[PDB]
Amino acid sequence: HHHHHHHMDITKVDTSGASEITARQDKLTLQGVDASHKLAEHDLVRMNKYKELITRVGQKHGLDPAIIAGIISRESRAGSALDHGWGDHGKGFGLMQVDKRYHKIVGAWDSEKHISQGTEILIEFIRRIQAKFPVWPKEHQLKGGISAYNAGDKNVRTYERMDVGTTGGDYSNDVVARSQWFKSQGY
Ligand SMILES: [Cl-]
């Protein structure tokens with residue numbers, strides 16, 4: 001079960017950005033990729049507090065820090081959406097919303113240890129999609145892995161419609177677009 005995500009490049013992944021449902025969280029009139037970019041921008045000042053940690057975690061895991069930032073923006077609005085680190089049902093923990101029912105949580109909610117745990121979980125989902133669909137373009141495997149972070153690898157059943165069944169019907173599309181935006185902010 002070797003890992004092999006070292007060729008993946010977030011800049012090559014196609015995206016249609018946020019759905020209307022997702023855009024409404026900031027009452028945006030923007031749509032799609034534009035909306036994702038604005039959602040990300042709204043989280044930038046908070047994200048920048050964590051940028052040094054996010055960068056270190058990405059480097060330590062061979063993953064683009066911008067992807068980690070995209071996940072954090074989507075999962076927790078860089079902490080703004082959380083109550084002492086917890087999601088609304090006390091199950092999701094931390095900037096990346098690790099599910100305490102699936103994992104033994106580690107670190108404070110805003111810690112490097114936490115960000116490493118969420119990042120490892122994402123990296124494992126990427127590995128699984130590479131295993132499940134070994135002939136796919138790596139861009140599609142990366143996008144599918146991101147979708148699986150929200151919906152599980154079991155939700156990735158076909159090449160088409162990957163974000164069907166994800167929260168908002170747009171999880172990987174939105175995360176990819178936010179990640180690209182953070183990359184252009186120097187993540
Ligand atoms: Cl929750």
# chains A, B, ... in the order shown; residues from 1 in each chain; ligands from 1

call {"tool": "select_by_dssp", "arguments": {"residues": "chain A", "states": "strand (DSSP E)", "output": "VMD selection string"}}
result
chain A and resid 92 to 93 98 to 99

call {"tool": "write_last_selection", "arguments": {"atoms": "C-alpha atoms", "output": "compact mmCIF listing (two decimals), in the first residue's frame"}}
result
# COMPACT_ATOMS: atom_id res chain seq x y z
CA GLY A 92 -15.76 17.43 14.02
CA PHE A 93 -12.58 18.70 15.67
CA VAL A 98 -11.26 15.45 12.02
CA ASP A 99 -14.20 13.24 13.03

call {"tool": "closest_atom_pairs", "arguments": {"of": "chain A", "to": "ligand 1", "cutoff": "7 Å", "atoms": "only C-alpha atoms and all ligand atoms", "output": "JSON lines"}}
result
{"residue": "A:86", "atom": "CA", "partner": "ligand 1", "partner_atom_place_in_ligand_line": "1 (Cl)", "distance": 6.4}
{"residue": "A:87", "atom": "CA", "partner": "ligand 1", "partner_atom_place_in_ligand_line": "1 (Cl)", "distance": 3.8}
{"residue": "A:88", "atom": "CA", "partner": "ligand 1", "partner_atom_place_in_ligand_line": "1 (Cl)", "distance": 4.7}
{"residue": "A:89", "atom": "CA", "partner": "ligand 1", "partner_atom_place_in_ligand_line": "1 (Cl)", "distance": 3.7}
{"residue": "A:90", "atom": "CA", "partner": "ligand 1", "partner_atom_place_in_ligand_line": "1 (Cl)", "distance": 4.5}
{"residue": "A:91", "atom": "CA", "partner": "ligand 1", "partner_atom_place_in_ligand_line": "1 (Cl)", "distance": 3.9}
{"residue": "A:92", "atom": "CA", "partner": "ligand 1", "partner_atom_place_in_ligand_line": "1 (Cl)", "distance": 4.1}

call {"tool": "residues_around", "arguments": {"residues": "segment 115-128 of chain A", "least_positions_apart": "4", "cutoff": "7 Å", "atoms": "only C-alpha atoms", "output": "MDAnalysis selection string"}}
result
chainID A and resid 3 57 68 96 98 111 132 141:142 145:146 148:149 153

call {"tool": "write_last_selection", "arguments": {"atoms": "C-alpha atoms", "output": "PDB file, in the first residue's frame"}}
result
ATOM      1  CA  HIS A   3       2.086   6.118  -1.093  1.00  0.00           C
ATOM      2  CA  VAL A  57       2.801  20.436   7.652  1.00  0.00           C
ATOM      3  CA  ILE A  68      -4.344  22.216   3.300  1.00  0.00           C
ATOM      4  CA  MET A  96      -9.639  20.501   9.364  1.00  0.00           C
ATOM      5  CA  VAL A  98     -11.255  15.451  12.017  1.00  0.00           C
ATOM      6  CA  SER A 111      -2.238  23.119  16.393  1.00  0.00           C
ATOM      7  CA  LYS A 132      -9.453   2.152  -6.666  1.00  0.00           C
ATOM      8  CA  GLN A 141      -7.384  10.940  -8.474  1.00  0.00           C
ATOM      9  CA  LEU A 142      -6.365  14.035  -6.464  1.00  0.00           C
ATOM     10  CA  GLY A 145      -9.318  12.017  -2.875  1.00  0.00           C
ATOM     11  CA  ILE A 146     -10.382  15.499  -1.844  1.00  0.00           C
ATOM     12  CA  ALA A 148     -13.482  11.442  -0.293  1.00  0.00           C
ATOM     13  CA  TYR A 149     -12.236  13.599   2.593  1.00  0.00           C
ATOM     14  CA  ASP A 153     -13.817   6.735  -0.774  1.00  0.00           C
TER      15      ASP A 153
END

call {"tool": "closest_residue", "arguments": {"among": "A:135, A:105, A:21, A:66", "to": "residue 184 of chain A", "atoms": "only C-alpha atoms"}}
result
A:66

call {"tool": "residues_around", "arguments": {"residues": "residue 54 of chain A", "least_positions_apart": "2", "cutoff": "10 Å", "atoms": "only C-alpha atoms", "output": "count of residues only"}}
result
24

call {"tool": "select_by_dssp", "arguments": {"residues": "segment 97-153 of chain A", "states": "alpha helix (DSSP H)", "output": "NGL selection string"}}
result
:A and (112-132 or 138-151)

call {"tool": "write_last_selection", "arguments": {"atoms": "C-alpha atoms", "output": "short mmCIF file (atom, residue, chain, number, x, y, z; two decimals), in the first residue's frame"}}
result
data_model
loop_
_atom_site.label_atom_id
_atom_site.label_comp_id
_atom_site.auth_asym_id
_atom_site.auth_seq_id
_atom_site.Cartn_x
_atom_site.Cartn_y
_atom_site.Cartn_z
CA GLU A 112 0.35 21.76 14.01
CA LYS A 113 -0.37 18.28 15.42
CA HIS A 114 -4.02 18.64 14.45
CA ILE A 115 -3.22 19.98 10.99
CA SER A 116 -0.87 17.02 10.46
CA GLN A 117 -3.62 14.58 11.43
CA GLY A 118 -6.14 16.08 9.01
CA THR A 119 -3.52 16.23 6.28
CA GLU A 120 -2.62 12.56 6.82
CA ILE A 121 -6.29 11.59 6.55
CA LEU A 122 -6.57 13.48 3.24
CA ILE A 123 -3.35 11.89 1.94
CA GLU A 124 -4.71 8.45 2.76
CA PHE A 125 -7.94 9.18 0.87
CA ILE A 126 -5.86 10.23 -2.15
CA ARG A 127 -3.95 6.93 -1.94
CA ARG A 128 -7.22 5.01 -1.88
CA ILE A 129 -8.61 6.70 -4.96
CA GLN A 130 -5.33 6.00 -6.77
CA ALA A 131 -5.76 2.33 -5.74
CA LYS A 132 -9.45 2.15 -6.67
CA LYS A 138 -3.63 11.90 -11.44
CA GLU A 139 -5.61 15.16 -11.47
CA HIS A 140 -8.82 13.15 -11.21
CA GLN A 141 -7.38 10.94 -8.47
CA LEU A 142 -6.36 14.03 -6.46
CA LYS A 143 -9.79 15.60 -6.93
CA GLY A 144 -11.45 12.31 -5.99
CA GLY A 145 -9.32 12.02 -2.87
CA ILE A 146 -10.38 15.50 -1.84
CA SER A 147 -14.03 14.55 -2.42
CA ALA A 148 -13.48 11.44 -0.29
CA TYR A 149 -12.24 13.60 2.59
CA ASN A 150 -15.86 14.75 2.83
CA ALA A 151 -17.86 11.75 1.62
#

call {"tool": "residues_around", "arguments": {"residues": "residue 167 of chain A", "least_positions_apart": "3", "cutoff": "12 Å", "atoms": "only C-alpha atoms", "output": "list in words"}}
result
residues 18, 19, 21, 22, 74, 75, 147, 148, 149, 150, 151, 152, 155, 162, 163, 164, 170, 171, 172, 173, 174 and 175 of chain A

call {"tool": "closest_residue", "arguments": {"among": "A:17, A:106, A:30, A:1", "to": "residue 70 of chain A", "atoms": "only C-alpha atoms"}}
result
A:17

call {"tool": "atom_distance", "arguments": {"atom1": "atom CA of residue 63 of chain A", "atom2": "atom CA of residue 31 of chain A"}}
result
28.0 Å

call {"tool": "atom_distance", "arguments": {"atom1": "atom CA of residue 136 of chain A", "atom2": "atom CA of residue 16 of chain A"}}
result
19.3 Å

call {"tool": "atom_distance", "arguments": {"atom1": "atom CA of residue 4 of chain A", "atom2": "atom CA of residue 104 of chain A"}}
result
25.2 Å
